[PDB]
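Taking the form solved without 2-amino-4-mercapto-butyric acid, here's one chain by itself in structure tokens.
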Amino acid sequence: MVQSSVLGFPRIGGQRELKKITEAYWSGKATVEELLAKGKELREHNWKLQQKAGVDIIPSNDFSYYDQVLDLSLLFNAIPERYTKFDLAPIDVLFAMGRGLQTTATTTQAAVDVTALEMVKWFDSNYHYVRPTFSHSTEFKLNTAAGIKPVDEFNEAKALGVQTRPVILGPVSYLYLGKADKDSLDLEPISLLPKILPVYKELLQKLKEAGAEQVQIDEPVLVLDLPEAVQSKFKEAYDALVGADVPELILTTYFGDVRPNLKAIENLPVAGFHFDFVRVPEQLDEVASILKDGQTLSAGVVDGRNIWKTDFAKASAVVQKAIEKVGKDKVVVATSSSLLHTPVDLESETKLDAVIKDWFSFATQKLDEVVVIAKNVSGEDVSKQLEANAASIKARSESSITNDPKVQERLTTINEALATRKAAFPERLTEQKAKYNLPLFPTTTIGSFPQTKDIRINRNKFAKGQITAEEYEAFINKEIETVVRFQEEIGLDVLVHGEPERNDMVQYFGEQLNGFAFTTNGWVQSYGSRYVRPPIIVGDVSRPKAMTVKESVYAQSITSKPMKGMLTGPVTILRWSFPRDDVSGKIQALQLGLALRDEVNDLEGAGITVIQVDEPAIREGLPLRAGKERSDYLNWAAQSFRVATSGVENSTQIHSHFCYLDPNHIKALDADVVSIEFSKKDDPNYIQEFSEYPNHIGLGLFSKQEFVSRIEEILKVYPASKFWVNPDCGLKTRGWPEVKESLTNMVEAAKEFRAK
């Protein structure tokens, strides 16, 4: 009776096949044919997977060798002229767009070195897409040359007897998520809707002309705060596509709240809508009302971005809540977003203890979840599944892993006091000058040093258990002292240890905290072929033993100069994980802050009184719409950082580093120093911007002359008593002969300013 849907499936493979064959192809060690073949093998595998599973609406064109948005750009001829002046073939021009083309010179052709198009975070997901990139010259048209991807693949699956609903991005989200190319900075992308809509119609005709009665059209910018110049175009664009010679259209949104844009899409000639009810369940009533008799409502109720075993009772209730408002015949049960944002299969999980594996459910498991739910509401008997599922829910609600009594009592202790330093900055600053008697324009470093073949082989051979613990505790010291001496030679004032002992700035902390579980194949596609294996916060978080004390303490004891302890902020640790979904992001960020505070304490007690704490993840986890949520997030974000840093003596100096950060947040941290990255361009937007920050600032510019020059114009607006000097972020990814030069040039510049 009630159909089940899936908006998309991860194409990387269960054994990361896609990473293997694509990297292969780029590296000369596999042929186009072999790629395509493997591609065909996964699409086929996954199509069949979903069918065996019971899924009724199964997606096609959801697969990509790199990125779906990029496929669309290639299919509509949104292809900057540069990538054609290279006699390259289709799928090659496609990779060149997303990865770049660097050739050694010849005698015929020069040294072509075209860079790749901008990589943009897909909303607030962990996925990244190629920014669509248009010129004034841009001539939109279907590339029948390369073949019509979405059609070729709809057939392919038809062939295997799988009738799929092709997924493509709507023309509105596509244009609005794009940008003007280099040679047209005046161009507004949404201006182009009239140039593109034809191309869309034509592709929608070939799909129909090939047996696609259904097409899922993606328009998730609808969950964003949109201009009128955009939201007024949905009417224009969808009156233009629908008709008899094209498939029915399902307008799909996910990730957020479409309410504020309802009136932009309440009079649309489409067959139905998909709404994310996992993220915004509250929005049920409003959205469903805009439906007109005949229109269908896809009810995303199985999470497509997390890994929790869905709670069928509630998920069903939500679907029912929707059914008893548009009718059993018009509701479709669906994953909330594409399953792209989920790992492939919980079965590949070997080390994971079963009791917790019992709470999980990756992409594969999720297919069986929409199907069991679609039945449940359909009225068929699935009492066996329900009883079982209900139990995993109880198992998890009552498990000790999820209710840490000591942590819960500790949350009680969170108040204004605990979120505030013992004295304001100007007072602390008095004590700190007394402790450190540093010079004007103090020099310092930010993070990792360039990493040697051994530094990595070592850590590796220590996990892979091929080397003694003494052999290892030794190697790291030998790099630590090497990095400490190096710094004293160039002449830095405050030093870092070099972090030879650390791997992921999150994984490294995760493994040392309670409430964290890890996977062996929990891979999620991130950009191109780079995947990630996020930790999973599976319960109440706490710190049992110290995490970073030992290596910092050794480094400090071999130099008279202040040593920096290096931590990661609670919010970034939360963002770069799979969060619990039984408790608020705020409550998990607070627990993490509580745990980090134990670490910060223990660093201080050990004579590490200069502690750096990074949150490169703040803008990333910024709620998609301005409003009450966005503002609150910014509060508990600063609150989380302060809870982790507000127990230190005034003499103890808390730093924080930023590359990408959020002027509100920074202001509310109360960091003794914030080191920021500046550019020669966004300077007018940057400099003036920190007439704000009350406290000290690490001006990170990025020649000894061009350093002075730079600093000089910053001192035409600020007191020199405010600033430390430091590198950008891009020194970790730089060679020693480069570092030694830059780090010496910078140190030298700030030497000139002490003389003056």
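We number the residues from 1 along the sequence you see. We call the rigid core the largest set of C-alpha positions that still match within 1.5 Å between the two forms.
Below, we refer to the form deposited with 2-amino-4-mercapto-butyric acid bound, which is not included among the displayed structures.
Only one of 220, 616, 579, 189 lies close to 2-amino-4-mercapto-butyric acid in the deposited bound form, with a heavy atom inside 4.5 Å, and it is 616. Residue in contact with 2-amino-4-mercapto-butyric acid in the deposited bound form (any heavy atom within 4.5 Å), chosen from 715, 729, 708, 36: 729. Only one listed stretch (302-310, 222-230, 498-506, 79-87) carries heavy atoms within 4.5 Å of 2-amino-4-mercapto-butyric acid in the deposited bound form, and that stretch is 498-506. 2-amino-4-mercapto-butyric acid in the deposited bound form comes within 4.5 Å of no heavy atom belonging to residue 133. Interface membership of residue 424, defined by any non-hydrogen atom within 4.5 Å of 2-amino-4-mercapto-butyric acid in the deposited bound form, is ruled out. Though the partner is left out of this view, residue 647 does not reach within 4.5 Å of 2-amino-4-mercapto-butyric acid in the deposited bound form, counting heavy atoms only.
Within 4.5 Å of some heavy atom of 2-amino-4-mercapto-butyric acid in the deposited bound form lies at least one heavy atom of residue 448. Applying a 4.5 Å heavy atom cutoff to 2-amino-4-mercapto-butyric acid in the deposited bound form picks out no residue from 702-722.
Note: rigid core superposed between the shown form and the other one; among 194, 605, 465, 161, the CA shift is 2 Å or more only at 465. The rigid-core alignment places the CA of residue 17 less than 2 Å apart between the shown form and the other one. Once the rigid core is used as the reference frame, the Cα position of residue 731 differs between the shown form and the other one by 2 Å or more. For residue 628, the Cα coordinates differ by under 2 angstroms between the shown form and the other one after the core has been superposed. Shown here is a form in which the CA atoms of residue 530 and residue 464 lie at least 3 Å closer together than they do in the deposited bound form. One change in the deposited bound form concerns residue 466 and residue 530, whose Cα atoms lie at least 3 Å farther apart than in this form.
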